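Novice: For reference, the structure I am asking about is given below.
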Amino acid sequence: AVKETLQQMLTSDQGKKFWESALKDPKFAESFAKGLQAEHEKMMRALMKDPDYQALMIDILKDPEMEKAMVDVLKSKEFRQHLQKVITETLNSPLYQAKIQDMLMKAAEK
Amino acid sequence: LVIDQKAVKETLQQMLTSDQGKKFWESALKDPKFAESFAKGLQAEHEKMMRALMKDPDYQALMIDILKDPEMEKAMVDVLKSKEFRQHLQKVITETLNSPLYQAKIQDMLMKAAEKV
Amino acid sequence: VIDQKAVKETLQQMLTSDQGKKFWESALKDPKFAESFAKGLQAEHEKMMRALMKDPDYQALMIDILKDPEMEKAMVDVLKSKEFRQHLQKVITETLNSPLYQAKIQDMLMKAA
């Protein structure tokens with residue numbers, strides 16, 4: 001008897017419309033989430049190693065907010081030493097210094 | 001209601017907690033509107049999970065691996081070469097060339113170019 | 001049996017029980033069930049991750065991650081790439097060929113005369 005009623009209540013588009021309503025109540029949803037939590041966490045860790053999920057995360061990480069956070073680290077005082085180092089190396093190349101010399105000869109020429 | 005409290009709990013311990021329950025969820029979640037509703041109800045707890053994972057050093061280490069992907073290296077390279085970042089790069093380059101060391105080297109290089117020219 | 005209040009309250013008790021947890025443990029071991037769960041929830045998961053990046057509390061965590069020694073090293077290694085070194089030569093050349101700098105160079109020349 002009871003198997004009949006709950007059959008047309010939690011099984012097809014009925015159940016599909018039933019869960020939609022029950023989960024609008026955040027206490028029901030909290031209890032639903034609680035039973036799933038451990039397994040949801042395990043899956044979210046596991047997906048970090050899957051290439052299709054990595055492609056989603058890579059997309060997310062190119063968001064303007066992450067680009068801004070990256071640019072702030074790059075522009076930080078702590079990171080300035082690293083930028084100076086490659087600038088110093090670039091200027092200290094004898095090949096590059098030859099090009100600077102060419103330009104200084106052209107300025108002295110005029 | 002004792003006899004019918006038993007029927008309901010036993011029914012739903014079979015319905016939504018065995019083979020039957022599993023099949024329902026597997027189809028419904030392919031419907032992108034029911035998945036929206038479902039994620040919506042669960043959004044609060046999902047946010048808690050993702051925030052907590054970002055504080056977890058094991059999870060952080062996995063995120064670092066993805067940030068080190070060649071695709072993210074390419075993204076960073078583009079940022080470094082952007083017209084935006086160019087102005088900061090110019091400031092660092094300008095402060096270097098303007099330093100007394102480089103001012104001296106350039107003045108020295110320049111007197112050579114003039115001593116030959 | 002009021003389809004709502006009553007049963008909802010029963011199923012609510014069952015959803016945080018150990019048998020509820022055992023349902024999710026067993027369901028999510030079936031790869032097809034896991035795939036449908038993951039791909040089904042994907043759109044909203046993305047929205048959650050992008051939205052969270054707009055929160056200063058969460059920005060602090062991503063900043064902590066980017067300042068990790070391993071990330072610092074990766075970022076420095078990118079600075080050292082041929083490609084970045086070539087960009088950097090170009091920016092230096094443009095700054096040296098600048099009217100500002102060309103003018104100091106001519107100020108150095110006359111000053112030596």
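Just so we're on the same page: first chain in the structure tokens is A, next is B, and so on; residues restart at 1 for each chain, and ligands are numbered from 1 in the order they show up.
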Give as a ChimeraX atom specification every residue of chain C that touches chain A within 9 Å, counting only C-alpha atoms.
Specialist: /C:3-4,8-9,11-25,28,34,38,42,46-47,49-50,53-54,59,62-63,66-67,72,75-76,79-80,85-86,88-89,92-93,96-97,102,105-106,109
Novice: Show me, as a PDB file with C-alpha atoms, in the first residue's frame, the residues of chain B whose atoms get within 9 Å of chain A, using only C-alpha atoms for the distance check.
Specialist:
```pdb
ATOM      1  CA  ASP B   4       2.611   2.834   9.481  1.00  0.00           C
ATOM      2  CA  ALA B   7       6.124   0.947   6.689  1.00  0.00           C
ATOM      3  CA  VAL B   8       7.290   4.450   5.688  1.00  0.00           C
ATOM      4  CA  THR B  11       9.961   1.848   2.445  1.00  0.00           C
ATOM      5  CA  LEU B  12      12.267   4.885   2.196  1.00  0.00           C
ATOM      6  CA  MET B  15      13.586   3.352  -2.035  1.00  0.00           C
ATOM      7  CA  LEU B  16      16.118   6.176  -1.622  1.00  0.00           C
ATOM      8  CA  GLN B  20      16.337   2.353  -6.772  1.00  0.00           C
ATOM      9  CA  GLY B  21      17.638   5.585  -5.186  1.00  0.00           C
ATOM     10  CA  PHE B  24      17.041   8.299  -9.909  1.00  0.00           C
ATOM     11  CA  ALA B  28      18.119  13.640 -12.825  1.00  0.00           C
ATOM     12  CA  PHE B  34      17.331  20.038 -11.793  1.00  0.00           C
ATOM     13  CA  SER B  37      18.184  23.480  -8.248  1.00  0.00           C
ATOM     14  CA  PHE B  38      20.114  20.773  -6.476  1.00  0.00           C
ATOM     15  CA  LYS B  40      21.352  25.791  -5.431  1.00  0.00           C
ATOM     16  CA  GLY B  41      20.061  24.055  -2.317  1.00  0.00           C
ATOM     17  CA  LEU B  42      23.526  22.701  -1.585  1.00  0.00           C
ATOM     18  CA  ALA B  44      25.983  27.000   1.138  1.00  0.00           C
ATOM     19  CA  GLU B  45      27.663  23.726   2.078  1.00  0.00           C
ATOM     20  CA  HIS B  46      29.609  23.502  -1.200  1.00  0.00           C
ATOM     21  CA  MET B  49      33.777  22.788   1.427  1.00  0.00           C
ATOM     22  CA  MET B  50      35.707  24.742  -1.211  1.00  0.00           C
ATOM     23  CA  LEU B  53      39.892  22.869   0.934  1.00  0.00           C
ATOM     24  CA  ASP B  58      47.359  18.807   0.651  1.00  0.00           C
ATOM     25  CA  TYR B  59      44.733  20.500  -1.504  1.00  0.00           C
ATOM     26  CA  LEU B  62      47.377  20.065  -5.855  1.00  0.00           C
ATOM     27  CA  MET B  63      46.334  23.594  -6.782  1.00  0.00           C
ATOM     28  CA  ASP B  65      50.533  21.722  -9.569  1.00  0.00           C
ATOM     29  CA  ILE B  66      47.701  23.079 -11.748  1.00  0.00           C
ATOM     30  CA  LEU B  67      49.106  26.625 -11.436  1.00  0.00           C
ATOM     31  CA  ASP B  69      50.759  23.670 -15.835  1.00  0.00           C
ATOM     32  CA  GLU B  71      48.900  26.502 -19.852  1.00  0.00           C
ATOM     33  CA  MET B  72      49.196  28.634 -16.704  1.00  0.00           C
ATOM     34  CA  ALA B  75      49.005  32.796 -19.078  1.00  0.00           C
ATOM     35  CA  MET B  76      51.640  34.284 -16.767  1.00  0.00           C
ATOM     36  CA  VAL B  79      50.586  38.908 -18.186  1.00  0.00           C
ATOM     37  CA  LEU B  80      54.287  39.780 -17.975  1.00  0.00           C
ATOM     38  CA  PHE B  85      52.371  45.259 -16.641  1.00  0.00           C
ATOM     39  CA  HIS B  88      55.769  48.589 -13.861  1.00  0.00           C
ATOM     40  CA  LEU B  89      58.540  46.957 -15.906  1.00  0.00           C
ATOM     41  CA  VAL B  92      62.058  49.043 -12.643  1.00  0.00           C
ATOM     42  CA  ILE B  93      64.130  49.477 -15.834  1.00  0.00           C
ATOM     43  CA  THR B  96      68.075  50.729 -12.777  1.00  0.00           C
ATOM     44  CA  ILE B 106      76.645  54.567 -19.690  1.00  0.00           C
ATOM     45  CA  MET B 109      80.402  53.858 -22.818  1.00  0.00           C
ATOM     46  CA  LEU B 110      79.234  57.215 -24.180  1.00  0.00           C
ATOM     47  CA  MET B 111      82.663  58.864 -23.877  1.00  0.00           C
ATOM     48  CA  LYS B 112      84.111  55.884 -25.818  1.00  0.00           C
ATOM     49  CA  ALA B 113      81.559  56.311 -28.620  1.00  0.00           C
ATOM     50  CA  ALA B 114      82.482  60.041 -28.621  1.00  0.00           C
ATOM     51  CA  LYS B 116      85.920  57.316 -31.672  1.00  0.00           C
ATOM     52  CA  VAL B 117      83.066  59.120 -33.472  1.00  0.00           C
TER      53      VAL B 117
END
```
Novice: Please identify all residues of chain B having at least one atom at most 6 Å from any atom of chain C, considering only C-alpha atoms, and return them as a PyMOL selection string.
Specialist: chain B and resi 17+26+29-30
Novice: How far is it from CA of residue 98 in chain C to CA of residue 82 in chain C, in Å with one decimal?
Specialist: 24.2 Å
Novice: Run DSSP on the backbone and grab whatever in chain C lands in helix (DSSP H, G or I); send it over as a PyMOL selection string.
Specialist: chain C and resi 5-15+18-27+31-40+42-52+56-66+69-79+82-96+99-112
